[PDB]
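Close look at the chain arrangement
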Protein chains: 2
Amino acid sequence: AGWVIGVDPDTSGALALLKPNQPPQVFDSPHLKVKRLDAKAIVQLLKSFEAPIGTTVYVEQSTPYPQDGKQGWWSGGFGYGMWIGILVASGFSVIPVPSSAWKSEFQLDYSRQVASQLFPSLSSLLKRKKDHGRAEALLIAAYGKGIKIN
Amino acid sequence: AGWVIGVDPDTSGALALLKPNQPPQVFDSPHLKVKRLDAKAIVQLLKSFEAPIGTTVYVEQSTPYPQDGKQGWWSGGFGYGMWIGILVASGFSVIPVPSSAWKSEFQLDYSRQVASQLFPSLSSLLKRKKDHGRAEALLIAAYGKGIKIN
């Protein structure tokens, strides 16, 4: 049983969980009740999976807008660093993934429609512009599952 | 048995471990073999402590030089985020601490000499300018231990 997790580490990102012979699942990244990721709630979400130790997690490499201030670059690195630290500390095998990696394999901005096509049972969850993070997480997971025959 | 850990999260930072009725200890933050923190080695160091769950960890709030580029602010946030994520994921109780907090309680740049005075048995480890991170980690731990009678 080889699970694959895909993570969009942005503050409006998400986590996708793909288990073999099971429908896909996706989870909005929890935020504090202050736009800020909630490390405690991320840890608890991950722990609730009871995933096999060493389960592979693919994390999109955060790259910031060219037009972002100094606290904006600090914030993107903080969130990416928090996810890496959480995942490595939780026993997962962590593979950073440039956004170009999955965007290239899936014709890619159409990520929401592309995710709906690959994961029809989740299309209701990708209808709105806010669902971009859910879409990226699913595509990253799909990418990390690889091309494989039965 | 109430342990206190102090962490300077900078790339040349360090971790200080204070146990009751034991001499203090300090550890350079491990780096990759590429200036880059090594998340796997940080996790393993923390796990090797076998600390009580919920042990309190005080982490200096990373603030970057005003004169630092966009990748420089991204790097300081990444390292601070990685430490927070590692510590929360590892079950510790994490308290961020402004540098002003301990600098104010210990007359504070003289942190290396101040650390040597408070922790004489470690003064050999604070002799060089490279030992700044060790000094800050110890001061943060001393600060987090609090003022308390026997």
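Method of determination for the deposited model, per the PDB record: X-ray crystallography, at 2.02 Å resolution.

Description of the interface of chain A and chain B
Residue-level contacts link 23 residues of chain A with 23 residues of chain B. Between chain A and chain B the total buried area reaches about 1,800 Å² when both faces are included, carbon and sulfur atoms providing 78% of it. The largest share of the area that chain A buries against chain B comes from A:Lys70, A:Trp73 and A:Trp74, three residues that together contribute 36% of it. Counting every contact that joins chain A to chain B gives 0 salt bridges. Summed over the shared surface of chain A and chain B, the number is 2 residue pairs in polar contact. Put simply, the parts of the chain that give the side of chain A that touches chain B at least two residues each are α1 (39-48) and α2 (70-89) of chain A.

Things to note about helix α5 (residues 132-145) of chain B
Residues spaced three or four apart along an α-helix face the same direction, because each turn holds 3.6 residues. All names here are of chain B. The terminal C-alpha atoms of α5, which comprises 14 residues, lie 20 Å apart, in line with the 20 Å expected from a rise of 1.5 Å per residue. Against β1 (4-8), β2 (14-18), β3 (25-28), β4 (56-60), α3 (99-105) and α4 (111-118) lie the buried residues of α5. Two residues or fewer past α5, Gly146 is found with a positive phi of approximately 85°.

Remarks on the sheet that holds strand β5 (residues 93-97) of chain B
Residue and element names in this part refer to chain B. Judged by pairing direction, the sheet is mixed, and its 5 strands sit side by side in the order β3-β2-β1-β4-β5 without closing on themselves. What marks the edges here is a single partner per strand, and that holds for β3 and β5. Here the strands of the sheet are splayed against their neighbours by 20° on average, with no regard to which way each runs. One ladder, built from 5 bridges, connects β4 with β5; its direction is parallel. Within β5, the position partnered with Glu60 by the bridge is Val97.

So, the pattern of salt bridges
Side chains that differ in charge, positive against negative, can pair when their charged atoms come close. Evaluated as defined, the whole model comprises 6 salt bridges over all chains. In this structure, A:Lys130 and A:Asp131 form a salt bridge, with 2.9 Å as the shortest nitrogen-oxygen distance. For A:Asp131, a relative accessible area of 1% corresponds to the buried category. Residues B:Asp28 and B:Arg134 are paired through a salt bridge, measuring 2.7 Å at the closest nitrogen-oxygen approach. B:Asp28 gets classed as partly exposed once you look at its relative accessible area, which sits at 40%. Connected via shared salt-bridge partners are A:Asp28, A:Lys130, A:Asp131 and A:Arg134.

Each value, and the rule that gives it
Residues numbered from 1 in each chain as written, not as in the entry; some residues may be left out. Chains lettered and ligands numbered in written order. Heavy atoms only, no water. Contact = heavy atoms within 4.5 Å. Buried area = accessible area lost by both parts, 1.4 Å probe. Salt bridge = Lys/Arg side-chain N within 4 Å of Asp/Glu carboxyl O. Polar contact = N/O pair within 3.5 Å; in protein donor to acceptor, adjacent residues only side chain to side chain. Helix = DSSP H or I, 4+ residues; strand = E, 2+ residues; numbered from the N terminus. Expected span 1.5 Å × (residues − 1). Pairing = 2+ DSSP bridges. Axes fitted to C-alpha atoms, helices over the stretch in contact; angles between N-to-C directions. Buried < 20%, exposed > 50% of the residue type's maximum accessible area, 1.4 Å probe, protein only.

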